[PDB]
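Undergrad: need a 3D model of the sequence below.
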Amino acid sequence: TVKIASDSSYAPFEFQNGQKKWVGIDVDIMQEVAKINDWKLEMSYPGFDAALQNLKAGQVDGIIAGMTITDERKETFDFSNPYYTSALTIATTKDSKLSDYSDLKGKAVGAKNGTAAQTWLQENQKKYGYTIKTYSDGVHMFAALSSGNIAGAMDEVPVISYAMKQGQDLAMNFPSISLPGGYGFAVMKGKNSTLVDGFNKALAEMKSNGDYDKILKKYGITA
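TA: Numbers count the residues shown, from 1 in each chain. Sharing the structure here:
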């Protein structure tokens, strides 16, 4: 049995659908990795911070929860090869003609509080000359985009892609900014190398046979 903890709501990586079933890129990858390795998988969804605590306490064996691989984290955890590398970009409504970071001068651009997107906006404000608006969550940010109160909304490519798949009035006309590291499956350092290796090997098999790209496409991720 393999106990994996994750976040409680991070679409399109892990989230509950209309039937309350847990779905998402992380969920689907983990489930297929488990089947390939013949593991009995037990997922839990307490929240990212709680997941880390449970992993450190040995209450679960690993984590998959959009977890960025960083050198600092490698002091505490061992990671798989990244299984997805996210990126930031500016979402606009479908009727907008904005497509260049150098066309943001004097415009308002949104981001969610506490995110890499918000930090990028702070760090690049003097460079590009927009004003910044901060939102509590995605529903609020995208509503402000649809109302014209912001001209663009900085968020993750996979998140915008999924919202587009749901039929929301969104486009991605700008270039992307890669988020370094990528997301990784994590275990405690020096522990459970079996799981990391099994994850890596299954992921390679999934890439080769097309199952990996099928998962991404299911949640609207292309390119």
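
Undergrad: where exactly do the strands run in this structure?
TA: Listed in chain order, the strands of the chain (DSSP state E) span 2-5, 15-16, 22-23, 41-44, 62-63, 77-79, 87-91, 108-112, 131-135, 152-156, 177-178, 186-188.

Undergrad: could I get those as JSON lines with distance to residue 218 and mean neighbour count?
TA: No exception for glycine: its C-beta is placed from N, CA and C like everyone else's. As requested, the strands of the chain are exported to JSON lines (distance: least, CB to CB, whole Å; neighbours: other CB atoms under 10 Å):
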{"stretch": "strand 2-5", "distance to residue 218": "20", "mean neighbour count": "22"}
{"stretch": "strand 15-16", "distance to residue 218": "13", "mean neighbour count": "18"}
{"stretch": "strand 22-23", "distance to residue 218": "9", "mean neighbour count": "18"}
{"stretch": "strand 41-44", "distance to residue 218": "18", "mean neighbour count": "16"}
{"stretch": "strand 62-63", "distance to residue 218": "22", "mean neighbour count": "26"}
{"stretch": "strand 77-79", "distance to residue 218": "24", "mean neighbour count": "23"}
{"stretch": "strand 87-91", "distance to residue 218": "19", "mean neighbour count": "23"}
{"stretch": "strand 108-112", "distance to residue 218": "24", "mean neighbour count": "22"}
{"stretch": "strand 131-135", "distance to residue 218": "27", "mean neighbour count": "16"}
{"stretch": "strand 152-156", "distance to residue 218": "17", "mean neighbour count": "26"}
{"stretch": "strand 177-178", "distance to residue 218": "23", "mean neighbour count": "14"}
{"stretch": "strand 186-188", "distance to residue 218": "23", "mean neighbour count": "23"}
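
Undergrad: same list, the ones you listed, but as TSV with distance to residue 100 please.
TA: TSV is the format used below for the strands of the chain (distance: least, CB to CB, whole Å):
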stretch	distance to residue 100
strand 2-5	41
strand 15-16	32
strand 22-23	35
strand 41-44	41
strand 62-63	38
strand 77-79	35
strand 87-91	10
strand 108-112	13
strand 131-135	17
strand 152-156	11
strand 177-178	13
strand 186-188	37
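
Undergrad: figure out the length between the terminal residues of stretch 132-139.
TA: End-to-end span of stretch 132-139 (CA to CA, to the nearest Å): 17 Å.

Undergrad: what of stretch 147-156?
TA: 21 Å.

Undergrad: please apply the same query to stretch 95-115.
TA: 26 Å.

Undergrad: which strands or helices does the lengthiest helix in the chain pack on?
TA: Counting by DSSP state H, the longest helix found in the chain is helix 193-209. Applying 3 or more CB pairs under 8 Å, 6 or more residues apart in numbering; DSSP states H and E, we find helix 193-209 packed against helix 25-36, strand 77-79, strand 186-188, helix 211-218.
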